[PDB]
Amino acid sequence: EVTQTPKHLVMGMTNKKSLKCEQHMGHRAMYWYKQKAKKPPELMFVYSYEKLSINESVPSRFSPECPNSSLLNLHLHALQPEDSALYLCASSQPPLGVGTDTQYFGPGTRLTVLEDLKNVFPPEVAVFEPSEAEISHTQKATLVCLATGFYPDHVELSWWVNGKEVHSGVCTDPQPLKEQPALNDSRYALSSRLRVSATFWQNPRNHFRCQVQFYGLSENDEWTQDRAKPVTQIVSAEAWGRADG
């Protein structure tokens, strides 16, 4: 397993940020790939025993670094919007015979570079409690969570029941809807369902939090707009079990 940080990153054209990547499997080869949507990964850098051995015409603004056997960095600066991509770290070549070969990928840093941060907007998040007609037709209850008005589409949405994250009964839209499909600067919207037994929803002790992690500006970004500065933040909506009427 290869770890990467951060998961998501929004950058203006004059920020500098560093991507971190870790593996502890003792792999002697480490890789940086760039992946654009609906495209296969494109190799950028390959390190071999901490010496750089492959650089695939990568522009200097992606400046890589390998401090030790198990850690690999990619430093970013003066980026351009076409640099928006998924940046994937990988590793391979176990120590010297003792172990068959394979290749492991981290989860990547999802990076969006924008020309003007004026358009960054955190989502509004709202939870909609189940239909009673659903409860009685099917003995199941579906909550919907709407995240709307956000930009760019760097959101992680999770459901929490009684303080613990849940995955069963959840479906989150693979892709965010464009709210103004014509415009280039369209804020996005994202749906999610959480479905539980009618018994479970009718228990008022049960607690349902829809949580959207929004990746926006850092403190380092200048903000002159009157409205609130759209920093990286979490936006949640809550709901509790409703008993029979």
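Residue numbers here begin at 1 and follow the sequence given.
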property: Mean C-alpha B-factor comparison - 51-59 and 192-200, higher one; result: 192-200
property: Which of 29-37 and 178-186 has higher mean CA B factor, as the PDB entry lists it; result: 178-186
property: Highest recorded Cα temperature factor - choice among 86, 90, 98, 157; result: 98
property: Of the residues 103, 136, 109, 172, the one carrying the largest Cα B-factor as recorded; result: 136
property: Assigned third (lowest, middle, highest) for the C-alpha B factor of residue 119; result: highest
property: Residue 206 by Cα B-factor - lowest, middle or highest third of the modelled chain; result: middle
property: Where the record places residue 20 (Cα B-factor, split into thirds across the chain); result: lowest
property: Residue 152 - which third its CA temperature factor falls in, relative to the rest of the chain; result: middle
property: CA B-factor placement of residue 235, once the chain's modelled residues are sorted into thirds; result: lowest
